[PDB]
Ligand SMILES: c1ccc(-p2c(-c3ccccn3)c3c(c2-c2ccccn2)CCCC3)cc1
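As a starting point, one isolated chain is supplied in structure tokens, in the form solved without the named molecule.
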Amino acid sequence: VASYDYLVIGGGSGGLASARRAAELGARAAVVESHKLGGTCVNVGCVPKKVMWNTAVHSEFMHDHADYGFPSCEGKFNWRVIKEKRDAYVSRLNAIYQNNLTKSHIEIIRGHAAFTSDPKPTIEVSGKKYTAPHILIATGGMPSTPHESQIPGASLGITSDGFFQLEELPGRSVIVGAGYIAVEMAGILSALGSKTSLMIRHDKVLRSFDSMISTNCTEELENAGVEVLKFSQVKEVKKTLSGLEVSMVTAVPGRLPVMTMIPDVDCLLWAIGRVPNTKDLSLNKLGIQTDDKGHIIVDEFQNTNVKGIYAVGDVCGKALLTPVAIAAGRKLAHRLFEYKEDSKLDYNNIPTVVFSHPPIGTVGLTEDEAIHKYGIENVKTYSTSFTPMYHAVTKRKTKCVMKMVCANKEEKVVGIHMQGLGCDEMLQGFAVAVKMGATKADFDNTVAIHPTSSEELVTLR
């Protein structure tokens, strides 16, 4: 039984960040990883998605070439070219992460970890036992797929994981889901030339975002050539002579349901949710609490119900983002190894960017949320909608929408929501201001930068 100061199960965003900071603080740490280091973000998430987004962005920009004075660009996108380069880049990152661990003196234990029946919390990997007074579970999640029992032929569809394995651009693609992953995948497939449909259960995507954003985003998708199938769900999938045939039920409220077949589908992509990866951990041998989806339950300090067992990141089911896993893992290392007892992540005011076309940035409360926290009488919003100057000379157009949610007489800025060209890079510093408690006077008293889209946020009236 090898003993360490800190054992980290999972070498993804949160596990690596926590292990590294712990080691800086003098901990003797080991990371257990059964697949590739870098976890979901590097291998099948953030990174490869962003490369594909940059690619889709080129496709759009190329539509405006002629408007800008240049000769019309003619063609066909070659999927394999970028796929090969994308894979190589991921390989480069994997090697870097590994080196980061080695330079820090963190041991990498390769294999699948499971808790043992032993009294003091102990794990087993490949027959060998390992123990530590502090064990972090950061095993992340996985894409959720429907059961063949509820949707027959569901297994003919792929998930976001399968998207990263594709080697050719699918001719006809149907994406099921209305969350950010669904939205991003649809936007990439469509821009690159797949005839794409997005199938949602209601009438708008991103229903948990501020309603200005969910409305605007749904419109932008339509405008970009994505067919949004509203109030629709899949009833069955079947393998035909030439691709797939999707049976769907459309049930507009106030109307009779109608069943439609979607033929000649090359790619059916389930983007319906994520499930936590806890199933094969033997949690129950320690009685560690989970919810009914399998999420590990923790307190504000990332503690599980068992002393010396912590959990961070996706496996916890809250705020499923790489930077949150990182920040939570770092704060936890400071608490454990630097004895900063008050060290923990504040889950409010976490900023998010959705890589749609144009991209979306949001931080803080939606208008409704502020309304429920402070009362209608105490909430005031400011918004603007305009066509960015980029489009002044183009036939193709996109819009930029921005909304600021203020509370109390002081007009404290409690939410910023926007969609538009440049919004992916614009959000970070306003997130800093929001975190600091800025009021609207603070924004207004900041001299604008002209001509930019960002200046609109400091000139709202």
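Note that residue numbering follows the sequence shown and begins at 1.
The form deposited with the named molecule bound exists for this protein as well; it is not shown, and the discussion that follows is about that form.
*Asks:* Pick the stretch from 151-159, 374-382, 222-230, 74-82 whose residues have a heavy atom within 4.5 Å of the named molecule in the entry with it bound.
*Replies:* Among the listed stretches, the partner-contacting one is 151-159.
*Asks:* Check whether residue 243 has any heavy atom within 4.5 Å of a heavy atom of the named molecule in the entry with it bound, and answer yes or no.
*Replies:* Looking in the entry with it bound, residue contacts with the named molecule include residue 243, since a heavy atom lies within 4.5 Å.
*Asks:* Does residue 117 reach the named molecule in the entry with it bound, with heavy atoms at most 4.5 Å apart?
*Replies:* Heavy-atom contact with the named molecule at 4.5 Å: absent for residue 117.
*Asks:* Does at least one non-hydrogen atom of residue 367 fall within 4.5 angstroms of the named molecule in the entry with it bound?
*Replies:* No.
*Asks:* With the cut-off set at 4.5 Å between non-hydrogen atoms, does residue 260 touch the named molecule in the entry with it bound?
*Replies:* Answer no; every heavy atom of residue 260 is more than 4.5 Å from the named molecule in the entry with it bound.
*Asks:* Though the named molecule is not shown, can you say which of 135, 267, 333, 298 has a heavy atom within 4.5 Å of it in the entry with it bound?
*Replies:* In short, 267.
*Asks:* Since exactly one of 288, 166, 212, 108 fits, which has a heavy atom within 4.5 Å of the named molecule in the entry with it bound?
*Replies:* Going through each option in turn, the one that passes is 166.
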